[PDB]
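Starting off, we have a lone chain in the form deposited in one PDB entry, written out as structure tokens.
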């Protein structure tokens, strides 16, 4: 009995709120655990996501001085690496994000502005998300070029640490790659692959996602550069990923899909992509191995998924 998936973009409304209601910020472990103001702020961002419906403007939020400071620290620290460590695509778009989107140490960009910018670049759009969605639900969004995106910021006591996605990771890690057409097509391919796929393949796709969108390296002429959002938003790991320490292997999906990984330390191993067009082709070949009694394609004119046989 084939798993349901949205067939229109508005149908992402359906399971968008089906998050893990009891989130990371509730653990005694969390940098913000003892902070009741932080607790409430987090629920505030969650209620914004909860009430969001596809098509609406994303609500603007006045960030606090404390939050802007945390952003500032993440921004300045990370900025110092991008020219040398980040891929061309990243460095190419970053100044535009500064000019048109207010990417600056003193200013946390608003999601609506960033979403409009991306729509202009590649048709990618943002949708605020409360918390952790299933891989199935999150990856499905990508098929429509929709990135489920957090709006809250990490707790101010630890600006270099987040166990979770937060706004810094989304804007400084993901957003600049979603501005590139080739990357955008690649990421969407992973989304298309996920539609109606068995649970076992959702997990293989999530693993591929992690070794690409989150922790991917790519060839850049004779050199290698970072493009994964998890690398680009981690000061420590961004420098480490391109030192002699980690092991590097070519992106190869039948191996990548089964490779184990942990979230708590630096990756002992990275996969290197030839280019985003090549990763896309590889994902397209891999999707053909997924037992699905149909074929899918996205029609951007009507914003619907076409389902054949």
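C-alpha atoms forming the largest set that superposes within 1.5 Å between two forms make up the rigid core. Residue numbers count along the first chain shown, from 1.
If you look for the form deposited in another entry, you will not find it shown, but the lines that follow are about it.
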Position that moves between this form and the one not shown after core superposition, taken from 74, 218, 146, 149, with Cα shift of 2 Å or more: 218
Core-superposed comparison between this form and the one not shown, residue 45 Cα displacement 2 Å or beyond: no
Core superposition between this form and the one not shown, C-alpha change of residue 260 at least 2 Å: yes
Residue 273: Cα shift of 2 Å or greater between this form and the one not shown (core-aligned): yes
Direction of the Cα shift between residue 275 and residue 144 in the other form, where the change is 3 Å or more: farther
Comparison of CA distance in the other form with shown form for residue 248, residue 188, at least 3 Å: farther
